[PDB]
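Only one structure is covered here, and it is reproduced in the block below.
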Amino acid sequence: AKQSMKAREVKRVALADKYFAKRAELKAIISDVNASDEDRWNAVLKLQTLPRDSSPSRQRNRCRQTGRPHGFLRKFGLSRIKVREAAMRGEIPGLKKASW
Amino acid sequence: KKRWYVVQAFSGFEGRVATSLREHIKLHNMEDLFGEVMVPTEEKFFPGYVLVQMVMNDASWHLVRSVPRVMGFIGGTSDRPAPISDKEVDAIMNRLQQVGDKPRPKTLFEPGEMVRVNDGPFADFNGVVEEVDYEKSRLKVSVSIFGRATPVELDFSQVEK
Amino acid sequence: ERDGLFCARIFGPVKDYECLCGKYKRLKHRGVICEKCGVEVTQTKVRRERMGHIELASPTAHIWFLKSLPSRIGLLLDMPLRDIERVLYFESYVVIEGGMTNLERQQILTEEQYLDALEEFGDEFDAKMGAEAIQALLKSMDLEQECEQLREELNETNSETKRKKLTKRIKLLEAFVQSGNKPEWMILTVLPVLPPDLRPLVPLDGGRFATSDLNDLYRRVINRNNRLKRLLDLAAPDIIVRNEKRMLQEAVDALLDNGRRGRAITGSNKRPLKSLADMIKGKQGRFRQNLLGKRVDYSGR
Amino acid sequence: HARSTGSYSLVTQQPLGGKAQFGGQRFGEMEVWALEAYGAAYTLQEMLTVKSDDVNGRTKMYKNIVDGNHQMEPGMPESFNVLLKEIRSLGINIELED
Amino acid sequence: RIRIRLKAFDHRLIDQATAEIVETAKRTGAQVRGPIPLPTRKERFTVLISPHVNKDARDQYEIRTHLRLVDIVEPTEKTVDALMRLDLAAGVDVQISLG
Ligand SMILES: [Zn+2]
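If you're matching them up, the sequences are chains A, B, C, D and E in order.
If you count by my numbering, then the first sequence holds residues 847 to 946, one letter each, in order.
If you count by my numbering, then the second sequence holds residues 44 to 204, one letter each, in order.
If you count by my numbering, then the third sequence holds residues 6 to 306, one letter each, in order.
If you count by my numbering, then the fourth sequence holds residues 28 to 125, one letter each, in order.
If you count by my numbering, then the fifth sequence holds residues 382 to 480, one letter each, in order.
Okay, here's the thing in structure tokens:
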């Protein structure tokens, strides 16, 4: 991936980190069946006001080395291609070719 | 009307002083001159003082100081020793357990990462606690074992801030 | 003990260049202090020069400046020794800038004198007791102002006895102004503790530790100070904290110069235990026993 | 009894006392007066700084004696530092100026 | 009782660790429960090995996390504290738990 994309991702992450407490609270408020209608409405509107990049469902998991969006693995934080390389080199602990 | 007074005993023999005091009352049968005898206890303040509901005659004063292992009253003077108060008894009645209440049903000692375990398996030891299970009363203090910060489920009372 | 009298972080590591508990067993990083050890990392003689301090909960006046004959606080606050001790042992009250009432500044007050005054002058009125009150008196004692007054008093009188009584008071009043010694430094607020190496804890031939007398004195002052902090946490009534602060006052006064107060405390069995001033004074202090006369190598008999 | 260099006491770094404990003879107070009464000044200085108390002074002395040097680096008695710590452990502030 | 959960990727290493722990236990205390082997986690992964396209081209890796359950029935004064000193082989996550 590009540098720019990576930067964007980072920014998104930062935003998420920032706005988590508020956003979560808002969500809770919206959910809470034992609450006022007006309040709920306000909460809904409030959420809209907050930045979009603040959402965690905005950020894509990219490879930590290359930034490749596809072929990702969570345990390693790496795209398949890089993961394989790591494995070959001995750089991922415990990981070896499996047969059964 | 019987007012309260403070008695000093040899600190450590306090229950035996209280029992001997009740027995000296029922020996010298001044039963109308003594109400109670308090040694309060938390799950022990006060450390060595015995509270007595009493009146003040010189006969009852000689009685309490003739009880064995009793030094004397604590007051302004030894002629007319001092009762304590009554305005601080109303607030003490509403609350009588400030050092063991359910106000904080979780953290008994600041978690952070500085604590020592002594009432658990690894006694006389300290470690860093990352996460904690206050709800289920559990601690994940990672003690240093075999050159490694290994955690161990410890008890709040077992550890010490 | 971490962290007690013989601490690690407050003083130093028992072993030379070693964390007593476990890290640094070579000569590379002399100084690092991990959280598992709470220990400095220097020499074995480093603890002999390092001293600790005990935060005394309740103020305690020095015994060397209260009972020196003549007392330093006796001819400075223009108050008799007898009356000074009464208030100091929680047996008398002392006024301090009352206000618009019919009472002096040096004049003391008793239980009956205070009770009636309490119901009388309930507003602007100050009458404390103990070292705290004494400290205030000394603290609020314009040295310079007294000088002129005393000097003018000595030049406006002919009384022989008074002249000598006034010249001895003004001499110690102008001498305090000549130096950087404050009047509120007489009362001990931050009691200092002697280095462990200087109060050594060695075992004799066997399995027990023959402990020094100063460790008994410091351990009692710290036990009482912890009790007094806990009682001021719990808001105990007046007579409890007066006895508690009085026991702390007598404990500090017994630590500094034992036996100058009424009958000296004792551990084993009836013999009194030896305090700091008894490490200085006498035929067996430091002057006459280790500094003027020393034991000597390259010698025979 | 005779002693060149034996064990040293713990609280004040001076030699031990007695014969069973391998100790040195007490150069008492009246002997200090009797050396003030002559003009012997270096003899008294090594008699109460080098030979007795100062630990770095006496290790410098032992190296200098086994190398033939015959010279003392004086320093301070360590028991005077013990006097400073005992007076300083009161409310008294003793120092060393300059 | 002190339950001890040894976890590692190398099995030999884990075994070595376990033995060491047992040794540590057995000298100080008494009645060590024993080194009980729990099930191994074989966390598998498939990945495409081509840079671009070839889907049947694949490598199947795995990480074998081994478990060793050591238990100590009587915690004495000397025994529990000992753990701190005895250092074991690297890459072995231990997890002691009293009660
Ligand atoms: Zn260390």
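Beta carbons are placed, not taken as given, at the ideal position from N, Cα and C, and that holds for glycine.
Host beta strand (DSSP E) of residue i (start-end)
i: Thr446/E; result: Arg439 to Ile453
i: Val95/B; result: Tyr92 to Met97
i: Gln51/B; result: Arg46 to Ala52
i: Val99/C; result: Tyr98 to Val100
i: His58/C; result: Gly57 to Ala66
i: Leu387/E; result: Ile383 to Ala389
i: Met81/B; result: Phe77 to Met81
First and last residue of the uninterrupted alpha helix (DSSP H) at residue i
i: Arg191/B; result: Taken as a continuous stretch (DSSP letters only), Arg191/B belongs to no alpha helix (DSSP H), as it is neither H nor E.
i: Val257/C; result: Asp243 to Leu261
i: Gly118/D; result: Neither: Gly118/D is in no alpha helix (DSSP H) and is coded neither H nor E.
i: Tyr119/C; result: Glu116 to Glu125
i: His34/C; result: Neither: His34/C is in no alpha helix (DSSP H) and is coded neither H nor E.
i: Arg87/C; result: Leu86 to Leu93
i: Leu429/E; result: Per DSSP, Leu429/E belongs to no alpha helix (DSSP H); it is in the beta strand (DSSP E), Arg422 to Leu429.
i: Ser850/A; result: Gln849 to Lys864
i: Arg65/B; result: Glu57 to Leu70
Residue i CB to nearest heavy atom of ligand 1 below 7 Å
i: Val403/E; result: no
i: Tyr29/C; result: yes
i: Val186/B; result: no
i: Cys12/C; result: no
i: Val171/B; result: no
i: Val44/C; result: yes
i: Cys152/C; result: no
i: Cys26/C; result: yes
i: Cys39/C; result: yes
Chain A within 8 Å of residue i, Cβ atoms only
i: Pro432/E; result: yes
i: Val461/E; result: no
i: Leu429/E; result: yes
i: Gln441/E; result: yes
Residue i at chain C interface by Cβ criterion, 8 Å
i: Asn96/D; result: no
i: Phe77/B; result: no
i: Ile127/B; result: yes
i: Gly119/B; result: yes
i: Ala67/D; result: no
i: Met157/B; result: yes
Minimum Cβ-Cβ distance from residue i to chain B less than 8 Å
i: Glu116/C; result: yes
i: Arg232/C; result: yes
i: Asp468/E; result: yes
Same chain, Cβ closer than 6 Å to residue i, neighbours up to 5 away in sequence not counted
i: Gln476/E; result: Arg386
i: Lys848/A; result: none
i: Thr47/C; result: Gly17
i: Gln289/C; result: none
Residues of its chain near residue i, where Cβ-Cβ distance is below 8 Å and the 5 sequence neighbours each way are ignored
i: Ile89/C; result: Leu71, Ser76, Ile78, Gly79, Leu82 and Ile139
i: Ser901/A; result: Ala862 and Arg869
i: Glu249/C; result: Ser63, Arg229, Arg232, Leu233, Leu236 and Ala241
i: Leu25/C; result: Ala13, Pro18, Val19, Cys42 and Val44
Within-8 Å CB hit, residue i to chain D
i: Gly298/C; result: yes
i: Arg225/C; result: no
i: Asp283/C; result: no
i: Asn248/C; result: no
i: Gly9/C; result: no
Beta-carbon proximity list for residue i, same chain, < 7 Å, skipping 5 on both sides
i: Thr271/C; result: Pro277 and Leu278
Contact with chain E by residue i, beta-carbon distance below 8 Å
i: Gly940/A; result: yes
i: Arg898/A; result: no
i: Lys943/A; result: yes
i: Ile927/A; result: yes
i: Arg930/A; result: yes
i: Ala933/A; result: yes
Chain G residues whose Cβ lies nearer than 9 Å to that of residue i
i: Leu239/C; result: This model lacks chain G altogether, as its protein chains are A, B, C, D and E.
Residue i: CB within 7 Å of a non-hydrogen atom of ligand 3
i: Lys87/B; result: Ligand 3 is not part of this structure, which contains only ligand 1.
Only counting runs of 4 or more residues, tell me where the alpha helix (DSSP H) segments fall wholly within the segment 132 to 170 of chain B, in order along the chain.
132 to 137
Runs of alpha helix (DSSP H) wholly within the segment 878 to 940 of chain A (minimum 4 residues, chain order)
883 to 895 and 926 to 935
Runs of alpha helix (DSSP H) wholly within the segment 153 to 223 of chain C (minimum 4 residues, chain order):
With a minimum length of 4 residues, the unbroken runs of alpha helix (DSSP H) contained wholly in the segment 153 to 223 of chain C fall at 165 to 183.
Where in the segment 63 to 91 of chain D do unbroken runs of the alpha helix (DSSP H), each at least 4 residues long, occur, reported from the N-terminal end onward?
69 to 72
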